[PDB]
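Each remark here refers to the structure printed beneath this line.
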Amino acid sequence: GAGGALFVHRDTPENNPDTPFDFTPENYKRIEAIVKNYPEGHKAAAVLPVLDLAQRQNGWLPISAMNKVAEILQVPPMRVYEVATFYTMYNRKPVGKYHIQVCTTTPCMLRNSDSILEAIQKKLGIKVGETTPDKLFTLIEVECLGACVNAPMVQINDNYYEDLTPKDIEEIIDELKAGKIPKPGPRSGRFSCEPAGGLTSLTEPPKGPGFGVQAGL
Amino acid sequence: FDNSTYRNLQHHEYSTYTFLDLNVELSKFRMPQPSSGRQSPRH
Amino acid sequence: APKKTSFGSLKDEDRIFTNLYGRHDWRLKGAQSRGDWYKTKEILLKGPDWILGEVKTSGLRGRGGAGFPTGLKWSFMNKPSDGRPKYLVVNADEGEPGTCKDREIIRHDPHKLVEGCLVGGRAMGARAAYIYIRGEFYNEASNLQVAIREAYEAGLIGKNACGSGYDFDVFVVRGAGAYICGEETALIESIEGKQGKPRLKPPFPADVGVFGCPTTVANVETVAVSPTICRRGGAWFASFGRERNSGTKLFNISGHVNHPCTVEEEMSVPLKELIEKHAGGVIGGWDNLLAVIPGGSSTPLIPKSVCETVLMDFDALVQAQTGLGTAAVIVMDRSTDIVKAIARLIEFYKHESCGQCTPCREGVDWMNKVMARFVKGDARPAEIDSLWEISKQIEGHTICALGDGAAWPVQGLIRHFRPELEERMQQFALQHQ
Amino acid sequence: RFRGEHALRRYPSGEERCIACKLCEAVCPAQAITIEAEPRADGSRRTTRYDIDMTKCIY
Amino acid sequence: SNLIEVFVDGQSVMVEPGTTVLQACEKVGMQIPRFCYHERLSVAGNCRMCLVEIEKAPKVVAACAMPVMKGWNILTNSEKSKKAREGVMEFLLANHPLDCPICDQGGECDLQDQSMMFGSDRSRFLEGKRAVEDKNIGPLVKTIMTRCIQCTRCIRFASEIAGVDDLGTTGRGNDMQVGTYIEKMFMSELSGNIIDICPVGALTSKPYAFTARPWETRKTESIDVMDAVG
Ligand SMILES: NC(=O)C1=CN([C@@H]2O[C@H](COP(=O)(O)OP(=O)(O)OC[C@H]3O[C@@H](n4cnc5c(N)ncnc54)[C@H](O)[C@@H]3O)[C@@H](O)[C@H]2O)C=CC1
Ligand SMILES: Cc1cc2nc3c(=O)[nH]c(=O)nc-3n(C[C@H](O)[C@H](O)[C@H](O)COP(=O)(O)O)c2cc1C
Ligand code: SF4
Ligand code: SF4
Ligand code: SF4
Ligand code: SF4
Ligand code: SF4
Ligand code: FES
Ligand code: FES
Ligand SMILES: [Mg+2]
């Protein structure tokens, strides 16, 4: 339905221009490496990665992080505010340690994505916008993740977990709670985008270097 | 020869800074960037 | 004998993406063994004109979804230098629902993409290649960076790139969750550190593109095949598919099929053969089929009456009033709510609009509200035609082609499943009065 | 539908209905209406002058 | 010389290379409806009100951004152009608030006038309307953001003419909003001009609020004495 998130900023004691934020020296080295890729005089092009880098160090993006990126790149702060509010991967509010994103678009929904969503909700006791009181998990729904063949699928902090049933997602949650990391990929003995049984093509050994090369080359 | 193994397990061991670490590593082989002649469009 | 008529049975000796499933090593050592980075120097030394000709002879059409002829499009940067650097941008956004081809190409055959970037940049006279990848594809981007690193170490890119004398760089820039950033101009804007809002054309990227410099935007699949076409020749690539529909194609078969997957197949394969051979058919049998979206959510859906005899190429599906799109087949059986699926697609488009232009920003949200009411049956029949006209107003009046992709599924649903809408309205009125 | 002496009405809360749009002043064929307006102390859009010259009015 | 010949409604005119369709139509004295184009700001092309039909072309072009091509025949009053204007007005008015009696823009509204001149006379919108919270950008420019049609004129003026980068758009799609994202006073010696260029009552004069309507005012053309620019 409606977004729910506000696109204005109101200062809070935990999120104000004086909230402490600064890059680590290693992050400054990474910022220099990011900046070098773009042509000189076009330094702003680094707003998208560097902002992400800030979120990768802090967890979310306080207004002070946006101000720091704007000052480092010498870009007006409103431009960084525009970038932060435009893209949905930027967290302008704190999230849990593990950000569960379940796809509910049509190809993913046709393979019973609602079963996964309800299983997650009954396993965690939270809704599709809330954060668990332990501050470990946050559940939201997202549009197509590009893993439609493997639907139903879930994305957690850069890991795809695909071909899910309620039991698989519940045990992934259990493994994530007990201090372990689960292996990404399909959860049905597939480990690819292959057909679920038979491997209809790509069975013969791949051709060698120069097999089909044309004459005169 | 074998086609029963999905070798692709490098990503399992990928951390939060792996992409940026690879970017820093690749910053060495890069050709010198061109220049428009300004420090910024507002210079 | 020429002019084949039954396309859709090609063996693995003619598949470009031999590591589509990732069984083989995705690293450079594996790529070279399969047939990658072979005679790159020879291809580079042949010159941009020769490279451009091979693309032209093949008849290669853009695999990103529009199907614009690749050779002509690439030839737009064959102008002499004007003092500005030239760039090639690879579109790896892959935001279309139902589409997962570029993800597999990136994660399992990255060196194909890197070599395609090199050869395409040589053809365009480009200076470096920027690969704009989806932000959610963190592991795919990391595999891509590993591949680029081992190509730099082996001297396959960078300074002189070969025993060639041509300097070329490959950069990977990650997006941050925006489907609109798949559009070429919106992608260019997002690379330059702005909101992903599309530009107006003209100018086209070949005149004013990224950083204001001449640019060419190409789909990942379109670029990857570029070196295989050069090595084997355009004539060979053409020898597949109907006229003006040459080559092979990656298809993502998902939805109500027994074995959803992705597969390389000849271009003009019939839809039924593709679904029943590779995907294992529709759950409940072929007679359980209700509708098929042949090219991702942006294309209108077709009913079982058309699906049994339509070919999977550009012109054939255009004649079926739908379009090939991204070759992302989504199957829905007689057990699904056909209005709910279209409503979910419209909700996706409402959540993905950038908001720049009036017809998209207002009318897609309007269509979302109307469609959500249609799902329940709240509406009246006189609104259905009304909804049709709303789509017509949106289509062709927006800066970007996201408005077209929002208006076409609604038109397809109304064109083929109007009686279901009317009976839903009648039922809601009956139990509500 | 009888047209007689003019009156200014209120909402049931006792707040005046008039918001000083001045459409009555623009439409009046006799120019019988005179309106002056300003923001009220609570920021409301209200009139400070609302006159009808009953010997100009054609009813 | 370098002039090229183009036709507006079948009538020949000579224009400089790179001239937009809107300027060519202006050469023969026809004004193309607009909301986002201002001849002193950079071209945006977002409103889509200026869409016109070129003869033997299936797609309407944006007249404010598209350069005329030699031999082109603009058609400013064809059925395609009229239906484009009607549809764009419909999308513009879908979420607009019923604020005319309380809006200071009332008799001076480009939206109102172009609705009367080029749009339809009816609504077929049966949903609820969007509403947005107000921004406070100082004591001079009153802000009623629900009225905003997202032209972006204020953003282009502030960035290019005034030299300030305080205004922008946050969010995307239907929820996209024009503002500062933080409590900031858009204070500058040229700030009040964003009231003039804003076509709707989203940006109004705070000192002038509610005092007068445009049809009752008498206009006296005069000179300023607040400085030596005259
Ligand atoms: N791969 C994915 O996930 C997605 C794919 N799509 C596909 O995108 C298609 C439509 O996208 P568009 O970019 O609007 O296609 P388009 O019709 O605008 O043209 C496609 C290509 O041809 C170029 N081109 C066209 N006319 C030209 C000219 N006169 N001069 C120079 N270059 C020209 C364009 O610059 C562009 O590169 C849709 O059919 C859709 O299937 C859409 C969303 C996502
Ligand atoms: C809303 C929208 C999203 C798009 N997303 C993608 C995408 O993710 N990947 C892609 O290759 N093309 C995408 N396209 C189409 C691009 O315009 C296309 O890639 C570009 O024209 C070059 O593609 P080509 O190599 O097939 O010619 C998108 C188009 C639109 C309108
Ligand atoms: S059609 Fe939609 S996505 Fe494309 S530019 Fe217009 S508002 Fe943005
Ligand atoms: S000014 Fe006249 S028309 Fe307007 S609200 Fe008051 S009484 Fe009614
Ligand atoms: S003449 Fe009297 S009744 Fe008629 S508009 Fe004026 S005030 Fe009203
Ligand atoms: S801006 Fe114009 S259309 Fe909108 S409420 Fe004010 S007068 Fe009416
Ligand atoms: S406030 Fe006025 S000028 Fe600014 S974007 Fe909205 S309508 Fe345009
Ligand atoms: S619809 Fe779920 S990943 Fe594409
Ligand atoms: S005036 Fe041309 S798009 Fe707004
Ligand atoms: Mg104004």
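For the structure tokens, the naming scheme is as follows: chains receive sequential letters (A, B, ...) according to their order of presentation, residues are indexed from 1 within each chain, and ligands are indexed from 1 in presentation order.
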### Task
Identify, counting only C-alpha atoms and all ligand atoms, the protein, DNA and RNA residues located within 8 Å of ligand 4, and give them as a ChimeraX atom specification.
/D:8,17-25,35,47 /E:101
Could you write those residues out with C-alpha atoms, as a CSV table (one decimal), in the first residue's frame?
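Output saved as selection.csv:
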```csv
chain,number,residue,atom,x,y,z
D,8,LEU,CA,-24.5,35.6,6.8
D,17,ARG,CA,-19.0,30.0,6.9
D,18,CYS,CA,-17.6,32.9,4.9
D,19,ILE,CA,-14.0,32.5,3.9
D,20,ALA,CA,-13.6,35.8,1.9
D,21,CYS,CA,-13.3,34.2,-1.5
D,22,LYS,CA,-15.0,37.4,-2.9
D,23,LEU,CA,-17.0,35.5,-5.5
D,24,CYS,CA,-20.2,37.3,-4.3
D,25,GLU,CA,-18.5,40.6,-4.7
D,35,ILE,CA,-15.4,43.0,1.1
D,47,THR,CA,-13.5,39.0,6.4
E,101,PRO,CA,-12.0,29.9,-2.7
```
### Shell around residue 132 (chain E) at 7 Å using only C-alpha atoms, local window under 2 positions removed, as a ChimeraX atom specification
/E:130,134,145-146
Keeping N, CA and C atoms for every residue in the selection just given, could you write it to a file as an mmCIF file, in the first residue's frame?
```
data_model
loop_
_atom_site.group_PDB
_atom_site.id
_atom_site.type_symbol
_atom_site.label_atom_id
_atom_site.label_comp_id
_atom_site.auth_asym_id
_atom_site.auth_seq_id
_atom_site.Cartn_x
_atom_site.Cartn_y
_atom_site.Cartn_z
ATOM 1 N N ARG E 130 -4.465 12.737 -2.392
ATOM 2 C CA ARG E 130 -3.283 12.789 -1.549
ATOM 3 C C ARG E 130 -3.197 14.132 -0.835
ATOM 4 N N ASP E 134 2.892 20.673 5.321
ATOM 5 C CA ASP E 134 3.412 21.963 4.901
ATOM 6 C C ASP E 134 4.855 22.142 5.347
ATOM 7 N N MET E 145 1.917 23.039 0.492
ATOM 8 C CA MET E 145 2.425 22.004 -0.401
ATOM 9 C C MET E 145 1.465 21.046 -1.105
ATOM 10 N N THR E 146 0.245 20.891 -0.600
ATOM 11 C CA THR E 146 -0.746 20.015 -1.239
ATOM 12 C C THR E 146 -1.082 20.470 -2.670
#
```
### Message
At a cut-off of 6 Å, which residues of chain A touch chain C? Count only C-alpha atoms and give the answer as a PyMOL selection string.
### Response
chain A and resi 44-45+47-48+83+87-89+106-107+110+144+146-149+158+192-196+200+202+206-209+212-214
### Task
Might you pull out every residue within 7 Å of region 378-395 of chain C, with only C-alpha atoms counted and same-chain residues fewer than 6 positions away left off, and present them as number ranges by chain?
C: 359-360, 363, 403-404, 407, 411, 422, 425, 428; E: 87
### Message
I'd like the contact shell of region 63-74 of chain A - 9 Å cut-off, only C-alpha atoms, skipping same-chain residues fewer than 5 positions apart - returned as JSON, numbers by chain.
### Response
{"A": [9, 11, 15, 16, 17, 18, 19, 20, 21, 22, 23, 35, 43, 44, 46, 47, 50, 51, 54, 55, 58, 79, 80, 81, 84, 92], "B": [40]}
### Cut-off 6 Å, only C-alpha atoms and all ligand atoms, neighbours of ligand 2 as a PyMOL selection string
chain C and resi 62-68+91-95+180+182-184+217-219+222+400-402
Prev. selection, N, CA and C atoms, output as a PDB file, in the first residue's frame:
```pdb
ATOM      1  N   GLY C  62      18.829  -5.860 -29.562  1.00  0.00           N
ATOM      2  CA  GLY C  62      19.031  -5.607 -28.150  1.00  0.00           C
ATOM      3  C   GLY C  62      18.252  -6.525 -27.237  1.00  0.00           C
ATOM      4  N   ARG C  63      18.965  -7.257 -26.384  1.00  0.00           N
ATOM      5  CA  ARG C  63      18.353  -8.225 -25.488  1.00  0.00           C
ATOM      6  C   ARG C  63      17.848  -7.598 -24.202  1.00  0.00           C
ATOM      7  N   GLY C  64      18.007  -6.285 -24.039  1.00  0.00           N
ATOM      8  CA  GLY C  64      17.473  -5.619 -22.870  1.00  0.00           C
ATOM      9  C   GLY C  64      15.968  -5.508 -22.864  1.00  0.00           C
ATOM     10  N   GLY C  65      15.327  -5.664 -24.020  1.00  0.00           N
ATOM     11  CA  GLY C  65      13.881  -5.634 -24.068  1.00  0.00           C
ATOM     12  C   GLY C  65      13.273  -4.914 -25.254  1.00  0.00           C
ATOM     13  N   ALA C  66      13.947  -3.887 -25.768  1.00  0.00           N
ATOM     14  CA  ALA C  66      13.382  -3.121 -26.873  1.00  0.00           C
ATOM     15  C   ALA C  66      13.667  -3.756 -28.226  1.00  0.00           C
ATOM     16  N   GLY C  67      14.763  -4.499 -28.350  1.00  0.00           N
ATOM     17  CA  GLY C  67      15.067  -5.161 -29.603  1.00  0.00           C
ATOM     18  C   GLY C  67      15.543  -4.241 -30.703  1.00  0.00           C
ATOM     19  N   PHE C  68      16.082  -3.085 -30.351  1.00  0.00           N
ATOM     20  CA  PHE C  68      16.690  -2.219 -31.345  1.00  0.00           C
ATOM     21  C   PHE C  68      17.910  -2.915 -31.945  1.00  0.00           C
ATOM     22  N   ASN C  91      24.298  -2.265 -18.964  1.00  0.00           N
ATOM     23  CA  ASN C  91      23.092  -2.234 -18.145  1.00  0.00           C
ATOM     24  C   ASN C  91      22.932  -3.593 -17.481  1.00  0.00           C
ATOM     25  N   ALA C  92      23.296  -3.671 -16.202  1.00  0.00           N
ATOM     26  CA  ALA C  92      23.130  -4.876 -15.405  1.00  0.00           C
ATOM     27  C   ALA C  92      22.099  -4.695 -14.298  1.00  0.00           C
ATOM     28  N   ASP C  93      21.151  -3.777 -14.480  1.00  0.00           N
ATOM     29  CA  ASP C  93      20.165  -3.506 -13.439  1.00  0.00           C
ATOM     30  C   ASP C  93      19.241  -4.698 -13.223  1.00  0.00           C
ATOM     31  N   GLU C  94      18.662  -5.230 -14.303  1.00  0.00           N
ATOM     32  CA  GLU C  94      17.767  -6.388 -14.256  1.00  0.00           C
ATOM     33  C   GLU C  94      16.667  -6.207 -13.206  1.00  0.00           C
ATOM     34  N   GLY C  95      15.794  -5.250 -13.484  1.00  0.00           N
ATOM     35  CA  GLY C  95      14.702  -4.970 -12.576  1.00  0.00           C
ATOM     36  C   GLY C  95      13.365  -5.544 -12.990  1.00  0.00           C
ATOM     37  N   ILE C 180      13.679   1.946 -11.875  1.00  0.00           N
ATOM     38  CA  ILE C 180      13.775   2.960 -12.918  1.00  0.00           C
ATOM     39  C   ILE C 180      15.214   3.176 -13.359  1.00  0.00           C
ATOM     40  N   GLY C 182      17.095   1.115 -14.373  1.00  0.00           N
ATOM     41  CA  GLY C 182      17.409   0.290 -15.522  1.00  0.00           C
ATOM     42  C   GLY C 182      17.283   1.022 -16.838  1.00  0.00           C
ATOM     43  N   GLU C 183      16.444   2.055 -16.891  1.00  0.00           N
ATOM     44  CA  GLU C 183      16.360   2.892 -18.078  1.00  0.00           C
ATOM     45  C   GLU C 183      17.703   3.560 -18.328  1.00  0.00           C
ATOM     46  N   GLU C 184      18.089   3.646 -19.603  1.00  0.00           N
ATOM     47  CA  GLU C 184      19.457   4.027 -19.942  1.00  0.00           C
ATOM     48  C   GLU C 184      19.796   5.431 -19.455  1.00  0.00           C
ATOM     49  N   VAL C 217      24.678   2.632 -24.228  1.00  0.00           N
ATOM     50  CA  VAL C 217      24.148   1.790 -23.167  1.00  0.00           C
ATOM     51  C   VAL C 217      23.722   0.457 -23.760  1.00  0.00           C
ATOM     52  N   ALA C 218      24.307  -0.627 -23.265  1.00  0.00           N
ATOM     53  CA  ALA C 218      23.985  -1.953 -23.774  1.00  0.00           C
ATOM     54  C   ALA C 218      23.648  -2.946 -22.669  1.00  0.00           C
ATOM     55  N   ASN C 219      22.698  -3.825 -22.962  1.00  0.00           N
ATOM     56  CA  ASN C 219      22.262  -4.851 -22.026  1.00  0.00           C
ATOM     57  C   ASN C 219      23.375  -5.879 -21.835  1.00  0.00           C
ATOM     58  N   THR C 222      23.371  -8.587 -24.302  1.00  0.00           N
ATOM     59  CA  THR C 222      23.738  -8.046 -25.605  1.00  0.00           C
ATOM     60  C   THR C 222      25.249  -7.943 -25.774  1.00  0.00           C
ATOM     61  N   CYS C 400       9.447   8.650 -20.066  1.00  0.00           N
ATOM     62  CA  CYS C 400      10.065   7.350 -19.902  1.00  0.00           C
ATOM     63  C   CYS C 400       9.089   6.256 -20.316  1.00  0.00           C
ATOM     64  N   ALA C 401       9.638   5.087 -20.623  1.00  0.00           N
ATOM     65  CA  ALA C 401       8.841   3.954 -21.064  1.00  0.00           C
ATOM     66  C   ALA C 401       8.297   3.127 -19.909  1.00  0.00           C
ATOM     67  N   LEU C 402       8.469   3.585 -18.668  1.00  0.00           N
ATOM     68  CA  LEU C 402       7.798   2.939 -17.546  1.00  0.00           C
ATOM     69  C   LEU C 402       6.292   3.148 -17.607  1.00  0.00           C
TER      70      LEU C 402
END
```
### Task
Report as an NGL selection string: the residues of region 205-279 of chain C with a DSSP assignment of alpha helix (DSSP H), based on the backbone of this structure.
:C and (220-232 or 234-238 or 271-278)
### Message
To check your reading of the model: which residues sit at most 8 Å from ligand 6 when counting only C-alpha atoms and all ligand atoms? Write the answer as a ChimeraX atom specification.
### Response
/E:93,96-112,147-148,199-202
Would you save the residues from that selection as an mmCIF file, in the first residue's frame, using N, CA, C and O atoms?
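Final file, out.cif:
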```
data_model
loop_
_atom_site.group_PDB
_atom_site.id
_atom_site.type_symbol
_atom_site.label_atom_id
_atom_site.label_comp_id
_atom_site.auth_asym_id
_atom_site.auth_seq_id
_atom_site.Cartn_x
_atom_site.Cartn_y
_atom_site.Cartn_z
ATOM 1 N N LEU E 93 -5.123 17.505 -12.304
ATOM 2 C CA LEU E 93 -6.199 17.855 -11.394
ATOM 3 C C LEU E 93 -6.656 16.692 -10.530
ATOM 4 O O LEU E 93 -7.432 16.913 -9.599
ATOM 5 N N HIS E 96 -5.245 17.403 -7.040
ATOM 6 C CA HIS E 96 -5.265 18.797 -6.625
ATOM 7 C C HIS E 96 -6.387 19.048 -5.619
ATOM 8 O O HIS E 96 -7.488 18.518 -5.770
ATOM 9 N N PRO E 97 -6.141 19.871 -4.601
ATOM 10 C CA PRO E 97 -7.161 20.121 -3.581
ATOM 11 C C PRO E 97 -8.180 21.152 -4.030
ATOM 12 O O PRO E 97 -7.876 22.073 -4.788
ATOM 13 N N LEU E 98 -9.405 21.001 -3.527
ATOM 14 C CA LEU E 98 -10.506 21.907 -3.844
ATOM 15 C C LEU E 98 -10.358 23.190 -3.026
ATOM 16 O O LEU E 98 -11.134 23.493 -2.122
ATOM 17 N N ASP E 99 -9.342 23.969 -3.384
ATOM 18 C CA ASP E 99 -8.892 25.079 -2.561
ATOM 19 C C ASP E 99 -9.099 26.449 -3.181
ATOM 20 O O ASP E 99 -8.679 27.437 -2.577
ATOM 21 N N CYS E 100 -9.722 26.548 -4.351
ATOM 22 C CA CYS E 100 -9.796 27.829 -5.050
ATOM 23 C C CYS E 100 -10.414 28.956 -4.233
ATOM 24 O O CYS E 100 -9.869 30.071 -4.276
ATOM 25 N N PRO E 101 -11.524 28.773 -3.506
ATOM 26 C CA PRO E 101 -12.046 29.893 -2.710
ATOM 27 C C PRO E 101 -11.116 30.364 -1.602
ATOM 28 O O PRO E 101 -11.207 31.528 -1.197
ATOM 29 N N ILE E 102 -10.228 29.512 -1.089
ATOM 30 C CA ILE E 102 -9.305 29.922 -0.036
ATOM 31 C C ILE E 102 -7.889 30.116 -0.547
ATOM 32 O O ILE E 102 -7.013 30.511 0.229
ATOM 33 N N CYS E 103 -7.638 29.848 -1.821
ATOM 34 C CA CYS E 103 -6.312 29.972 -2.404
ATOM 35 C C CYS E 103 -6.084 31.399 -2.875
ATOM 36 O O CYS E 103 -6.958 32.005 -3.493
ATOM 37 N N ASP E 104 -4.905 31.941 -2.562
ATOM 38 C CA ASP E 104 -4.572 33.288 -3.013
ATOM 39 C C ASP E 104 -4.351 33.345 -4.517
ATOM 40 O O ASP E 104 -4.496 34.414 -5.119
ATOM 41 N N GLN E 105 -4.023 32.217 -5.141
ATOM 42 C CA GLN E 105 -3.844 32.170 -6.584
ATOM 43 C C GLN E 105 -5.147 32.319 -7.344
ATOM 44 O O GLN E 105 -5.102 32.485 -8.565
ATOM 45 N N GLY E 106 -6.281 32.333 -6.642
ATOM 46 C CA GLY E 106 -7.607 32.191 -7.212
ATOM 47 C C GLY E 106 -7.841 32.735 -8.604
ATOM 48 O O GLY E 106 -8.014 31.952 -9.534
ATOM 49 N N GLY E 107 -7.820 34.044 -8.794
ATOM 50 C CA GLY E 107 -8.061 34.597 -10.111
ATOM 51 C C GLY E 107 -6.836 34.745 -10.980
ATOM 52 O O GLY E 107 -6.948 35.260 -12.097
ATOM 53 N N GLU E 108 -5.669 34.319 -10.503
ATOM 54 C CA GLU E 108 -4.398 34.458 -11.199
ATOM 55 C C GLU E 108 -3.735 33.109 -11.418
ATOM 56 O O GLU E 108 -2.512 33.020 -11.468
ATOM 57 N N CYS E 109 -4.514 32.046 -11.505
ATOM 58 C CA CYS E 109 -3.965 30.702 -11.507
ATOM 59 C C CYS E 109 -3.783 30.213 -12.936
ATOM 60 O O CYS E 109 -4.745 30.163 -13.704
ATOM 61 N N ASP E 110 -2.546 29.867 -13.287
ATOM 62 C CA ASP E 110 -2.310 29.250 -14.587
ATOM 63 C C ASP E 110 -3.005 27.904 -14.687
ATOM 64 O O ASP E 110 -3.490 27.538 -15.760
ATOM 65 N N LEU E 111 -3.069 27.159 -13.583
ATOM 66 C CA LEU E 111 -3.759 25.875 -13.590
ATOM 67 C C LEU E 111 -5.241 26.054 -13.881
ATOM 68 O O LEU E 111 -5.804 25.359 -14.730
ATOM 69 N N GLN E 112 -5.880 27.003 -13.200
ATOM 70 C CA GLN E 112 -7.285 27.308 -13.437
ATOM 71 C C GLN E 112 -7.534 27.735 -14.877
ATOM 72 O O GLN E 112 -8.473 27.263 -15.531
ATOM 73 N N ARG E 147 -1.068 21.785 -2.856
ATOM 74 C CA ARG E 147 -1.328 22.447 -4.127
ATOM 75 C C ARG E 147 -0.230 22.254 -5.166
ATOM 76 O O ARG E 147 -0.463 22.478 -6.341
ATOM 77 N N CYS E 148 0.967 21.862 -4.743
ATOM 78 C CA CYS E 148 2.075 21.709 -5.682
ATOM 79 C C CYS E 148 1.780 20.695 -6.776
ATOM 80 O O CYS E 148 1.328 19.587 -6.514
ATOM 81 N N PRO E 199 3.312 28.421 -10.477
ATOM 82 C CA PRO E 199 2.051 28.663 -11.190
ATOM 83 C C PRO E 199 0.812 28.462 -10.342
ATOM 84 O O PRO E 199 -0.283 28.839 -10.772
ATOM 85 N N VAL E 200 0.953 27.891 -9.154
ATOM 86 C CA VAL E 200 -0.184 27.506 -8.336
ATOM 87 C C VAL E 200 -0.064 28.203 -6.992
ATOM 88 O O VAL E 200 0.869 28.977 -6.765
ATOM 89 N N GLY E 201 -1.001 27.938 -6.097
ATOM 90 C CA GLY E 201 -0.999 28.564 -4.794
ATOM 91 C C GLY E 201 -0.155 27.833 -3.777
ATOM 92 O O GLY E 201 -0.305 28.048 -2.575
ATOM 93 N N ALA E 202 0.714 26.935 -4.244
ATOM 94 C CA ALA E 202 1.624 26.246 -3.337
ATOM 95 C C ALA E 202 2.592 27.221 -2.679
ATOM 96 O O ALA E 202 2.865 27.115 -1.480
#
```
### Query
What residues in chain A have any atom no more than 10 Å from chain B when counting only C-alpha atoms, and can you write them as a PyMOL selection string?
chain A and resi 26-27+29-34+36-44+49+53+56-57+74-75+157-159+181-185+190-192+202-205
### Message
Please return as JSON, numbers by chain the residues found within 7 Å of ligand 7, counting only C-alpha atoms and all ligand atoms.
### Response
{"E": [145, 148, 149, 150, 151, 152, 153, 154, 155, 178, 194, 197, 198, 199, 200, 202, 203]}
Any chance you can output those residues with C-alpha atoms as an mmCIF file, in the first residue's frame?
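Done, and the output landed in part.cif:
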```
data_model
loop_
_atom_site.group_PDB
_atom_site.id
_atom_site.type_symbol
_atom_site.label_atom_id
_atom_site.label_comp_id
_atom_site.auth_asym_id
_atom_site.auth_seq_id
_atom_site.Cartn_x
_atom_site.Cartn_y
_atom_site.Cartn_z
ATOM 1 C CA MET E 145 2.425 22.004 -0.401
ATOM 2 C CA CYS E 148 2.075 21.709 -5.682
ATOM 3 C CA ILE E 149 1.889 20.242 -9.175
ATOM 4 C CA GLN E 150 5.601 19.307 -9.067
ATOM 5 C CA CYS E 151 6.646 21.664 -11.886
ATOM 6 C CA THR E 152 10.082 22.088 -10.207
ATOM 7 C CA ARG E 153 10.327 25.757 -11.203
ATOM 8 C CA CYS E 154 11.260 26.720 -7.653
ATOM 9 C CA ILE E 155 14.132 24.231 -7.627
ATOM 10 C CA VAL E 178 9.278 19.556 -3.054
ATOM 11 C CA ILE E 194 9.658 31.903 -6.325
ATOM 12 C CA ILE E 197 7.172 31.724 -10.953
ATOM 13 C CA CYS E 198 5.177 29.135 -9.030
ATOM 14 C CA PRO E 199 2.051 28.663 -11.190
ATOM 15 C CA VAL E 200 -0.184 27.506 -8.336
ATOM 16 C CA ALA E 202 1.624 26.246 -3.337
ATOM 17 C CA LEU E 203 3.999 29.218 -2.938
#
```
### Query
Hey, which of C:346, C:113, C:126, C:157 ends up closest to chain B? Count only C-alpha atoms.
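Selected residue with least distance to chain B: C:157.
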### Message
Which residue is closest to ligand 1? Choose from C:206, C:406, C:44, C:123 and count only C-alpha atoms and all ligand atoms.
### Response
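Smallest separation from ligand 1 among the options: C:206.
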#### Entry: Selection as number ranges by chain: residues within 8 Å of ligand 5 by only C-alpha atoms and all ligand atoms
D: 3, 6, 24-25, 27-33, 52-54, 56-59
